[PDB]
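Coming up is one lone chain in structure tokens, specifically the form deposited in one PDB entry.
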């Protein structure tokens, strides 16, 4: 027997900046979005779901400096909380 499934579901995209806008990278330190994402994933994977972690990453960028950017979550069809359960 056949059953119907949503063609597009359980996706989340996380982009380094808002549309039209630059994303910054340091020659020795790497991309700031990437570095910031790793730091937050290392700290918060144990206690927060991915949507929550991405929000925290966005917050860390809130105060703009000389190299400003605002990471954006896109086209979200996560129907549940995605916890990484690091160690499990």
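Residues that one form lacks are left out of the comparison. Residue numbers count along the first chain shown, from 1. Only the largest set of C-alpha atoms that superpose within 1.5 Å between the two forms is called the rigid core.
Just so it is clear, the following notes concern the form deposited in another entry, a form of the same protein that is not shown.
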message: Does residue 77 shift between this form and the one not shown by 2 angstroms or more at the C-alpha, the core having been superposed?
response: no
- request: Using a rigid core alignment, state whether the CA of residue 55 is displaced by 2 Å or more between this form and the one not shown.
  value: no
query: For residue 24, is the C-alpha shift between this form and the one not shown 2 Å or more after core superposition?
result: yes
- prompt: Compared with this form, is the residue 38-residue 25 Cα separation smaller or larger in the other form, the difference being 3 Å or more?
  reply: farther
query: Knowing the Cα distance between residue 74 and residue 25 changes 3 Å or more in the other form, does it shrink or grow relative to here?
result: farther
message: Can you give me the runs of at least three consecutive residues whose Cα atoms all move 2 Å or more between this form and the one not shown, with the core used for the fit?
response: 17-29
